[PDB]
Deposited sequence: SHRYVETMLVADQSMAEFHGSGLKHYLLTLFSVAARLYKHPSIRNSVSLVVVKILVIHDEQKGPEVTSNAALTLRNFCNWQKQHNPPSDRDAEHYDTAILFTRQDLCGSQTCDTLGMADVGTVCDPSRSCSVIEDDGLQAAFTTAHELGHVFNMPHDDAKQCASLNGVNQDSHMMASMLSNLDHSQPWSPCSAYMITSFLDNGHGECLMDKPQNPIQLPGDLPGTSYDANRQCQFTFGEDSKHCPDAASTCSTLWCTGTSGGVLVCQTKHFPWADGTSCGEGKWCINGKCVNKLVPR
């Protein structure tokens, strides 16, 4: 059976100001990458992330209170998004989940290494189906997949329950993603059970005129200078391939993330899975 995750994307005042007019393309660029990831066969389910609504909070007072407190920010946003969801799924802009994006540096009690936040097993509960994502660059696309995993009842891959079942999207710490198997067996089992138990019944309807997702690779929209800007601010640029984006700040810096797929790395070549390869595949 085919599940469709009708989504409202929301950007706060920090996003509007930082991104200007290009904000909405940026949000859908990030979300198209998430959608691709959920179409990977390793999830062992048929799941279509679709956009039915986008809100930009130009005026802070017209949005939820956003703070460095990542937990309090999720809760603030989860309460706030209820007033903007039409009561019936028959409604066209009715959404099964809501995601907030902020330039704000998210922190837990311990560090500000926090990238994102969601409760576990909330997808068909309109009071609880929410995520907040830190915009630290195109890599936030993967924070978004991760958070939605939690929303789909996925625990981290080092959770005790994942032992006999189990590099993948639901890792508790950042490292090299297996591009041939983005989702672990634990992950597949856990979303599969969640849906089998009946907690994905809201996802069966098809969206009405959903907001169209970019079909091109993200690096086609955004060159390496732009990617450095997204992560390090507008004055940053690409440091004088593909494996690690290094950026100015001659002083250079990196969040140890690859160049986005599609990023030009010479005439006739672009990045694909951290490798500079010919655009005309043999």
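*Compare the deposited sequence with the modelled residues and state the ranges that are missing C-alpha positions.*
Sequence ranges with no C-alpha atoms are 167-171, 246-249, 259-263, 297.
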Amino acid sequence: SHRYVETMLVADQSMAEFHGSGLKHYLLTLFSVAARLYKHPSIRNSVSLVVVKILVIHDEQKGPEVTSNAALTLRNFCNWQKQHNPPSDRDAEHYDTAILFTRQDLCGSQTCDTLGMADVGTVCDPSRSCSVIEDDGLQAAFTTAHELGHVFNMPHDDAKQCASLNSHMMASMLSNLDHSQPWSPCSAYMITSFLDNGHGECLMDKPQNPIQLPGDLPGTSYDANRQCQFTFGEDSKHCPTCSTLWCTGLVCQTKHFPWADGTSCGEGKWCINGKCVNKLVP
From here on, numbers count along this sequence of modelled residues.
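*Coordinates for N197 lacking in at least a third of the other PDB entries compared?*
No; none of the other entries leave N197 out.
*Coordinates lacking for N176, a third or more of other entries*: Looking at the other entries that model residues on either side of it, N176 is missing from at least a third.
*State which stretch shows the higher mean Cα B factor in the entry: 66-74 or 26-34.*
Of 26-34 and 66-74, the stretch with the higher C-alpha B-factor average is 66-74.
*asked:* Averaging CA B factors per stretch from the PDB record, which one is higher: 184-192 or 169-177?
replied: Per the deposited B-factors, the answer is 169-177.
*asked:* If I read the C-alpha B-factors straight from the PDB entry, which of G137, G149, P126, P210 is highest?
replied: Checking the PDB record, the top C-alpha B-factor among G137, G149, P126, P210 is at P210.
*asked:* Using only the C-alpha B-factors in the record, can you name which of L100, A141, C107, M154 has the highest?
replied: It is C107.
*Where does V251 sit by CA temperature factor within its chain: lowest, middle or highest third?*
Answer is highest: the recorded C-alpha B-factor places it there.
_For the chain shown, is the CA B-factor of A145 in the lowest, middle or highest third of its modelled residues?_
Its C-alpha B-factor belongs to the lowest third of this chain's values.
*Within this chain's modelled residues, let me know which third the CA B factor of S264 belongs to: lowest, middle or highest.*
Ranked within chain, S264 CA B lands in the middle tercile.
*Determine, from the deposited record, the chain-internal third of the Cα B-factor for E60: lowest, middle or highest.*
Within its chain, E60 is a highest-third residue by C-alpha B-factor, going by the deposited values.
*asked:* Looking at the temperature factor on the CA atom of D89, which third of the chain's modelled residues does it land in?
replied: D89: CA B-factor falls in the highest third of its chain.
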